[PDB]
A.B. asks: 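For reference, the structure I am asking about is given below.
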Amino acid sequence: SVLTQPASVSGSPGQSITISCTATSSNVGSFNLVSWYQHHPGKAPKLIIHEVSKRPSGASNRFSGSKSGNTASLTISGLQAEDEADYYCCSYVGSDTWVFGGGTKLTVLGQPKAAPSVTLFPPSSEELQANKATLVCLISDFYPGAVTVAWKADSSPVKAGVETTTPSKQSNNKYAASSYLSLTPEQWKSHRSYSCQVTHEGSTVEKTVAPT
Amino acid sequence: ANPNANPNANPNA
Amino acid sequence: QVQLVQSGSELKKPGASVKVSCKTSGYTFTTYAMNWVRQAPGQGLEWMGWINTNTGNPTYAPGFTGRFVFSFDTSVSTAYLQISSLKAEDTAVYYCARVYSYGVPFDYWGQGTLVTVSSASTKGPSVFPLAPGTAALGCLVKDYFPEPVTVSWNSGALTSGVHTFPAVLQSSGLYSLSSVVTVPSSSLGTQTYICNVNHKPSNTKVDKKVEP
Ligand SMILES: [N+]
């Protein structure tokens, strides 16, 4: 990506935060045609800064832009919940070509951390009658919205047959995710147990089920 | 490549 | 007011073709360039290219040469994106966006058009019970296509304690989701529990009694 941005930045309400944007090549030349866009998923992106620092009157005065060397920078003051979004920088690169930075997920920490609740179900009787087996790991009520999920057969890890969702915002503004492990009926009854392991903020919650 | 375009110019020549 | 209004969501098989429209109003269509920008699942914005609405000359970024065509129809102030020989990796939200000047690119954006390319075919779900001082029970809604599925419980009478998780997209192209509800353990045997699953795209509904 011709323009490097941090993958994520976090700040709490009322603070100011800065998102950097560094040119990876000399194709940007003067690097004076830098623009920034706010993007709430599901809606169209919105222009908020152009020519490095110029703010259209239709954007909030809490947004400002600056540059030093080949690093352009977006700063958001008086951080509010509505600022939570993806932010992209953008530069002209000559020959009537434009490029976008990789994007930055801005998280506004308007909420205390929450460890996930985990519920693990074994394959149903019916499913086993159909010669299939699905383990269902349901993950809810965690904040911030990021987990990793690992599965184990007895004590050995398992990545094959694992399908895990992205975290989705719940109505209470905590986050949910689910993970499924597909097995044969034989595998399911082969082992003593299976475990679903949910890691969040460096701590892990593990649930187990067994055919027994 | 002319990367230092005039910001007021319109590319849709 | 400047308005870019794009056509609706598309669902296509690999090798098929698609044509997305971007109708404009509120300015002279031929005075400003129309650019196209893509966002694939889990990725950032990617500049695709543009078309000069005076000369018709199209510019395609590397990565979008070979199968993509920008065009317009001045009789209706509309720009178009056509993709030939669609590939699974073309799955993305496609945006049109105006460039006012080099200083102010992408000042007005369309709302985006989701284009999904999948080799999967319409298929109704297979619903399995997730048997249970509270008790959790649920329904596994397995192997359906396309999105969306809705779930209720006891024909909508049971709304408290209900959590329906967004679906996982399997490597096969089919989706699965789960719905779980938390109920008093003392109610098992007193209260019947049925999840009502509706998959309009396959004209299928399933009511699955969930018991101990
Ligand atoms: N991003």
Side-chain angles (χ1 to χ4, degrees), chain A residues 41-42 119-124 126-127 130-140 145 147 149 151 159-171 175-183 196, chain C residues 8-14 16 18 39-43 86-93 112-130 138-153 162-181 195-208 210:
Chain A
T119 296
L120 180 57
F121 289 101
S124 68
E126 285 86 339
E127 195 183 18
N131 205 9
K132 296 292 302 302
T134 303
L135 298 186
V136 182
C137 192
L138 302 175
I139 312 168
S140 59
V147 296
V149 186
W151 291 82
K159 296 191 85 72
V162 180
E163 304 281 14
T164 303
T165 66
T166 57
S168 55
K169 201 193 298 183
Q170 299 173 173
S171 62
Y175 284 82
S178 49
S179 181
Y180 301 82
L181 175 58
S182 300
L183 309 164
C196 172
Chain C
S9 303
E10 300 277 3
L11 178 64
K12 298 286 183 181
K13 293 279 204 302
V18 66
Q39 180 169 42
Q43 298 186 356
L86 280 168
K87 301 188 177 186
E89 274 187 344
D90 295 319
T91 297
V93 182
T113 297
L114 172 62
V115 178
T116 300
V117 186
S118 173
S119 63
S121 308
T122 305
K123 186 186 177 296
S126 301
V127 177
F128 298 103
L130 304 176
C139 285
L140 172 61
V141 181
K142 195 176 164 184
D143 293 342
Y144 66 91
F145 185 87
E147 206 68 291
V149 164
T150 65
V151 185
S152 64
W153 285 85
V162 166
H163 188 359
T164 301
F165 289 74
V168 68
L169 175 52
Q170 304 175 57
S171 65
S172 65
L174 304 173
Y175 297 87
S176 294
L177 65 72
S178 296
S179 175
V180 57
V181 52
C195 66
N196 325 115
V197 182
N198 177 228
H199 183 224
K200 278 293 303 185
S202 70
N203 291 343
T204 310
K205 287 176 186 171
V206 183
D207 293 337
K208 167 63 65 162
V210 182

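Atoms considered below: every heavy atom in the structure, side chains included; atoms not considered: hydrogens, waters and symmetry mates. Lettering follows sequence order; numbering is per chain, from 1.
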A.B. asks: Between A:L135 and A:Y180, does a side chain to side chain contact (heavy atoms under 4.5 Å, CB included) hold up when you go through it step by step?
C.D. replies: CA-CA 6 Å; A:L135 298 186; A:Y180 301 82; over 6 Å; no
A.B. asks: C:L140 and side chain to side chain contact (heavy atoms under 4.5 Å, CB included): which partner among C:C195, C:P129, C:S178?
C.D. replies: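 Running side chain to side chain contact (heavy atoms under 4.5 Å, CB included) over C:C195, C:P129, C:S178 with C:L140 returns exactly one hit, C:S178.
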A.B. asks: Would you give the length of the straight line joining atom CG of A:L138 to atom CG of C:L130, rounded to the nearest 0.5 angstrom?
C.D. replies: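 Between A:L138 CG and C:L130 CG, I get 7.5 Å after rounding to 0.5 Å.
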A.B. asks: I'd like to know if the side chain of C:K123 and the backbone of C:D143 have a donor-acceptor N/O pair within less than 3.5 Å.
C.D. replies: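 A pair under 3.5 Å: yes.
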A.B. asks: List the atom of A:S178, the atom of C:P166, and the distance in Å for their closest heavy-atom pair.
C.D. replies: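 A:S178 and C:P166 have their closest heavy atoms at OG-O, 3.8 Å.
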A.B. asks: Enter the distance from C:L174:CG to C:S121:OG here, rounded to the nearest 0.5 Å.
C.D. replies: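 It comes to 9.0 Å.
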A.B. asks: Taking C:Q43's backbone N and O only, do any of them form a donor-acceptor pair with C:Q39's side chain (distance below 3.5 Å, no angle check)?
C.D. replies: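 Present.
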A.B. asks: Could you tell me the separation between the CD atom of A:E163 and the OG1 atom of A:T134, rounded to the nearest 0.5 Å?
C.D. replies: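 Going from the CD atom of A:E163 to the OG1 atom of A:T134 covers 10.5 Å.
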A.B. asks: Closest heavy-atom contact between C:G173 and C:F145?
C.D. replies: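 Heavy atoms of C:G173 and C:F145 come nearest at O-CD1, 3.4 Å.
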A.B. asks: Using every non-hydrogen atom in the two residues, find where C:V93 and C:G112 come nearest and quote the distance to one decimal.
C.D. replies: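 Scanning both residues, the minimum pair turns out to be CG1-CA, 3.9 Å.
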A.B. asks: Could you give me the CA-CA distance, side-chain angles and deciding distance for C:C139 and C:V210, then say whether side chain to side chain contact (heavy atoms under 4.5 Å, CB included) is met?
C.D. replies: CA-CA 8 Å; C:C139 285; C:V210 182; 3.6 Å; yes
A.B. asks: Would A:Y175 and A:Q170 satisfy side chain to side chain contact (heavy atoms under 4.5 Å, CB included), going step by step from the backbone distance to the final call?
C.D. replies: CA-CA 5 Å; A:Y175 284 82; A:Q170 299 173 173; 5.6 Å; no
A.B. asks: To the nearest 0.5 Å, tell me how far A:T164 OG1 sits from A:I139 CD1.
C.D. replies: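 Output value for this atom pair is 7.0 Å.
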A.B. asks: Can you list the steps and then say if C:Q170 with C:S176 is a side-chain hydrogen bond (donor to acceptor under 3.5 Å, both in side chains)?
C.D. replies: CA-CA 8 Å; C:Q170 304 175 57; C:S176 294; 3.0 Å; yes
A.B. asks: Step by step, work out the side chain to side chain contact (heavy atoms under 4.5 Å, CB included) result for C:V18 and C:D90.
C.D. replies: CA-CA 11 Å; C:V18 66; C:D90 295 319; over 6 Å; no
A.B. asks: Quick one: closest heavy-atom pair of A:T119 and A:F121, and the distance?
C.D. replies: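 Answer, listing the atom of A:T119 first, then A:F121: CG2-CE1, 3.6 Å.
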A.B. asks: When rounded to the nearest 0.5 angstrom, what distance separates OG1 in C:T122 from NE2 in C:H199?
C.D. replies: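 NE2 of C:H199 is found 7.0 Å from OG1 of C:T122.
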A.B. asks: NZ of C:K142 to OG of A:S182: how many Å apart, nearest 0.5 Å?
C.D. replies: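 It is 6.5 Å, given to the nearest 0.5 Å.
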A.B. asks: Quick check: closest heavy atoms across C:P201 and C:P148, and the distance to 0.1 Å?
C.D. replies: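 That closest heavy-atom pairing would be CD-O, 3.9 Å.
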A.B. asks: Locate the shortest heavy-atom distance separating C:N198 from C:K200; write the atom from each residue and the value.
C.D. replies: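 Answer, listing the atom of C:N198 first, then C:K200: OD1-CG, 3.5 Å.
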A.B. asks: Using a 3.5 Å distance criterion without hydrogens, assess whether the side chain of C:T116 forms a donor-acceptor pair with backbone atoms of C:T91.
C.D. replies: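 Looks like no, no N/O pair under 3.5 Å.
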A.B. asks: Would you say the side chain of C:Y144 lies within less than 4.5 Å of the side chain of C:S202, judging by non-hydrogen atoms?
C.D. replies: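 In short, these two side chains do not touch, never coming nearer than 4.5 Å.
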